[PDB]
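Asks: Have a look at the structure that comes next, please.
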Amino acid sequence: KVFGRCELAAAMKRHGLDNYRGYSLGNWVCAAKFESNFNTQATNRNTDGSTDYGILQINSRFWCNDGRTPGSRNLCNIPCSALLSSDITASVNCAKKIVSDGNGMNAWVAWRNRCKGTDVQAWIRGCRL
């Protein structure tokens, strides 16, 4: 499912991400835009052999089980395929854990390079929230 900007904003807010761990909604929407272009089915493979999955591009080396990333962890305790669903609950539950891990949103490389320090408020402009 390719989410619409405001559509996602609403879903994220509903799932308790606005101001989660001190990060305003604009940060979460900007991170999704740059990580997957709002596509829940996005997948990207890394050189280490791990893969990133979904809307938030969560990594198989540490967060989910994809059965093909030897010696990796499954901190979110879910199969990576669960992160590709049209329903973002699993992706959100897992993101909450990641963001609380010590590095904040820096865990998302697109966030650090394209969202961090920008006017993230722009990503929620005109949305009925």
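All residue names refer to the structure tokens as shown: chains lettered A, B, ... in order, residues numbered from 1 in each chain, ligands numbered from 1 in order.
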With a distance cut-off of 7 Å and only C-alpha atoms, select the neighbouring residues of region 23-34 of chain A, excluding the residue or stretch itself and same-chain residues fewer than 2 positions from it, and output the selection as number ranges by chain.
Replies: A: 9, 13, 17-21, 36-38, 55-56, 110-111, 115, 120-121, 123-124
Asks: Go ahead and write the selection's residues with N, CA and C atoms as a compact mmCIF listing (two decimals), in the first residue's frame.
Replies:
```
# COMPACT_ATOMS: atom_id res chain seq x y z
N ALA A 9 0.21 10.23 8.32
CA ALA A 9 0.30 11.13 9.48
C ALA A 9 -0.79 10.73 10.45
N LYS A 13 -0.15 8.96 14.18
CA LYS A 13 -0.67 9.64 15.38
C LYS A 13 -1.57 8.70 16.17
N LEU A 17 2.69 7.70 17.93
CA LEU A 17 4.04 8.18 17.57
C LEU A 17 4.25 9.68 17.70
N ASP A 18 3.24 10.52 17.78
CA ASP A 18 3.40 11.98 17.92
C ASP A 18 4.04 12.23 19.30
N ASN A 19 5.22 12.79 19.25
CA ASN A 19 5.97 13.09 20.46
C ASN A 19 6.43 11.84 21.14
N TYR A 20 6.44 10.70 20.46
CA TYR A 20 6.97 9.51 21.12
C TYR A 20 8.51 9.71 21.25
N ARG A 21 8.93 9.56 22.49
CA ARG A 21 10.37 9.72 22.83
C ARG A 21 10.82 11.10 22.46
N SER A 36 11.13 4.91 2.45
CA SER A 36 10.38 4.05 1.51
C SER A 36 9.43 4.75 0.57
N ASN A 37 9.39 6.06 0.64
CA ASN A 37 8.51 6.85 -0.20
C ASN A 37 7.05 6.45 0.08
N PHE A 38 6.77 6.19 1.33
CA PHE A 38 5.47 5.78 1.87
C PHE A 38 4.92 4.43 1.36
N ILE A 55 7.86 0.39 5.28
CA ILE A 55 7.62 1.83 5.42
C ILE A 55 8.74 2.51 6.17
N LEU A 56 9.28 1.82 7.18
CA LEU A 56 10.36 2.43 8.00
C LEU A 56 11.71 1.78 7.78
N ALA A 110 18.16 7.81 6.63
CA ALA A 110 17.50 8.85 5.83
C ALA A 110 17.04 9.99 6.75
N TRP A 111 16.63 9.67 7.97
CA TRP A 111 16.21 10.64 8.96
C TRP A 111 17.41 11.54 9.32
N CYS A 115 16.17 14.65 7.32
CA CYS A 115 15.12 15.20 8.16
C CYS A 115 15.64 15.96 9.38
N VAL A 120 10.61 20.00 10.05
CA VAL A 120 9.80 18.79 9.88
C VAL A 120 8.32 19.05 9.98
N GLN A 121 7.94 20.18 10.49
CA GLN A 121 6.52 20.58 10.62
C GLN A 121 5.84 20.57 9.26
N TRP A 123 5.90 18.55 6.94
CA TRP A 123 5.34 17.25 6.54
C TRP A 123 3.93 16.99 7.04
N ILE A 124 3.44 17.76 7.96
CA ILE A 124 2.07 17.58 8.47
C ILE A 124 1.18 18.76 8.07
```
Asks: Region 72-77 of chain A: which residues within 7 Å, counting only C-alpha atoms, same-chain residues fewer than 2 positions away excluded, as a PDB file with N, CA and C atoms, in the first residue's frame?
Replies:
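Produced file around_34.pdb, reproduced below:
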```
ATOM      1  N   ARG A  61      19.233  -7.458  10.369  1.00  0.00           N
ATOM      2  CA  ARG A  61      20.419  -7.804  11.249  1.00  0.00           C
ATOM      3  C   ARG A  61      20.085  -7.760  12.741  1.00  0.00           C
ATOM      4  N   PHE A  62      19.243  -6.832  13.180  1.00  0.00           N
ATOM      5  CA  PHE A  62      18.846  -6.685  14.542  1.00  0.00           C
ATOM      6  C   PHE A  62      17.388  -6.818  14.930  1.00  0.00           C
ATOM      7  N   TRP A  63      16.461  -6.447  14.037  1.00  0.00           N
ATOM      8  CA  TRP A  63      15.072  -6.359  14.466  1.00  0.00           C
ATOM      9  C   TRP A  63      14.030  -7.375  14.129  1.00  0.00           C
ATOM     10  N   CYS A  64      14.245  -8.144  13.084  1.00  0.00           N
ATOM     11  CA  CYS A  64      13.212  -9.094  12.642  1.00  0.00           C
ATOM     12  C   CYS A  64      13.911 -10.307  12.079  1.00  0.00           C
ATOM     13  N   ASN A  65      13.099 -11.320  11.920  1.00  0.00           N
ATOM     14  CA  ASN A  65      13.600 -12.601  11.383  1.00  0.00           C
ATOM     15  C   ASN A  65      13.115 -12.766   9.929  1.00  0.00           C
ATOM     16  N   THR A  69      19.613 -14.185   7.323  1.00  0.00           N
ATOM     17  CA  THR A  69      20.584 -13.180   7.806  1.00  0.00           C
ATOM     18  C   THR A  69      21.354 -13.847   8.947  1.00  0.00           C
ATOM     19  N   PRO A  70      22.228 -14.778   8.610  1.00  0.00           N
ATOM     20  CA  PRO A  70      22.996 -15.509   9.643  1.00  0.00           C
ATOM     21  C   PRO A  70      23.628 -14.673  10.738  1.00  0.00           C
ATOM     22  N   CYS A  94       7.487  -2.012  16.409  1.00  0.00           N
ATOM     23  CA  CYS A  94       8.948  -2.203  16.291  1.00  0.00           C
ATOM     24  C   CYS A  94       9.697  -0.880  16.315  1.00  0.00           C
TER      25      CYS A  94
END
```
Asks: Just checking: using only C-alpha atoms, which residue out of A:113, A:40, A:118, A:86 ends up closest to residue 53 (chain A)?
Replies: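 For residue 53 (chain A), the nearest of the candidates is A:40.
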Asks: Hey, which of A:87, A:52, A:119, A:101 ends up closest to residue 12 (chain A)? Count only C-alpha atoms.
Replies: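 The closest residue to residue 12 (chain A) is A:87.
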Asks: Fewer than 6 positions away in the same chain doesn't count, so skip those; otherwise give me all residues within 10 Å of residue 41 (chain A), counting only C-alpha atoms, as number ranges by chain.
Replies: A: 1-2, 53-55, 57, 81, 83-86
Asks: Between A:45, A:5, A:114, A:125, which is the closest to residue 58 (chain A) once you count only C-alpha atoms?
Replies: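 Looking only at the distances to residue 58 (chain A), the closest residue turns out to be A:45.
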Asks: May I have all residues of region 84-119 of chain A that DSSP, computed from the backbone, assigns to alpha helix (DSSP H), given as a ChimeraX atom specification?
Replies: /A:89-99,109-114
Asks: Store the residues picked out above in a file with N, CA and C atoms, as a compact mmCIF listing (two decimals), in the first residue's frame.
Replies:
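Below you can see again-v7.txt, which holds the result:
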```
# COMPACT_ATOMS: atom_id res chain seq x y z
N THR A 89 0.65 -1.41 12.13
CA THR A 89 0.88 -1.70 13.55
C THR A 89 2.21 -2.37 13.88
N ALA A 90 2.60 -3.42 13.17
CA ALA A 90 3.88 -4.08 13.51
C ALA A 90 5.05 -3.14 13.28
N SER A 91 5.05 -2.40 12.20
CA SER A 91 6.14 -1.48 11.89
C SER A 91 6.22 -0.44 13.01
N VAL A 92 5.06 0.01 13.47
CA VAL A 92 5.08 1.03 14.56
C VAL A 92 5.57 0.47 15.89
N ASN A 93 5.08 -0.72 16.27
CA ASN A 93 5.48 -1.36 17.53
C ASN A 93 7.00 -1.57 17.56
N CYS A 94 7.49 -2.01 16.41
CA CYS A 94 8.95 -2.20 16.29
C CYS A 94 9.70 -0.88 16.32
N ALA A 95 9.24 0.17 15.65
CA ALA A 95 9.92 1.47 15.64
C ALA A 95 10.07 2.06 17.05
N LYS A 96 9.01 1.90 17.86
CA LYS A 96 9.01 2.37 19.24
C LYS A 96 10.16 1.76 20.02
N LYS A 97 10.48 0.52 19.72
CA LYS A 97 11.59 -0.18 20.43
C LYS A 97 12.93 0.34 19.97
N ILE A 98 13.05 0.49 18.65
CA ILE A 98 14.28 0.99 18.04
C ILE A 98 14.67 2.37 18.55
N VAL A 99 13.75 3.31 18.53
CA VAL A 99 13.92 4.71 18.95
C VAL A 99 14.26 4.83 20.43
N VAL A 109 19.03 6.14 8.87
CA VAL A 109 20.00 6.94 8.09
C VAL A 109 19.33 8.03 7.25
N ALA A 110 18.16 7.81 6.63
CA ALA A 110 17.50 8.85 5.83
C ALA A 110 17.04 9.99 6.75
N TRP A 111 16.63 9.67 7.97
CA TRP A 111 16.21 10.64 8.96
C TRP A 111 17.41 11.54 9.32
N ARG A 112 18.52 10.91 9.65
CA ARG A 112 19.67 11.73 10.04
C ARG A 112 20.13 12.66 8.89
N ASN A 113 20.10 12.15 7.67
CA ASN A 113 20.62 12.94 6.53
C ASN A 113 19.65 13.87 5.85
N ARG A 114 18.37 13.62 5.95
CA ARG A 114 17.42 14.48 5.22
C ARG A 114 16.34 15.08 6.09
```
Asks: What does the structure give for the distance between CA of residue 105 (chain A) and CA of residue 80 (chain A), in Å to one decimal?
Replies: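 Separating CA of residue 105 (chain A) from CA of residue 80 (chain A) is a distance of 19.9 Å.
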Asks: From the list A:6, A:100, A:50, A:59, which residue is nearest residue 22 (chain A) when using only C-alpha atoms?
Replies: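 Using only C-alpha atoms, the shortest distance to residue 22 (chain A) belongs to A:100.
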Asks: Between CA of residue 102 (chain A) and CA of residue 16 (chain A), what is the distance in Å, rounded to a tenth?
Replies: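 Spanning CA of residue 102 (chain A) to CA of residue 16 (chain A) is a straight-line distance of 19.4 Å.
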Asks: Write out as a ChimeraX atom specification all residues of chain A that backbone DSSP assigns to strand (DSSP E or B).
Replies: /A:2,20,23,39,43-45,51-53,58-59,65,79
Asks: Of the candidates A:116, A:78, A:11, A:3, which one gets nearest to residue 60 (chain A) if we count only C-alpha atoms?
Replies: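 Counting only C-alpha atoms, the residue closest to residue 60 (chain A) is A:78.
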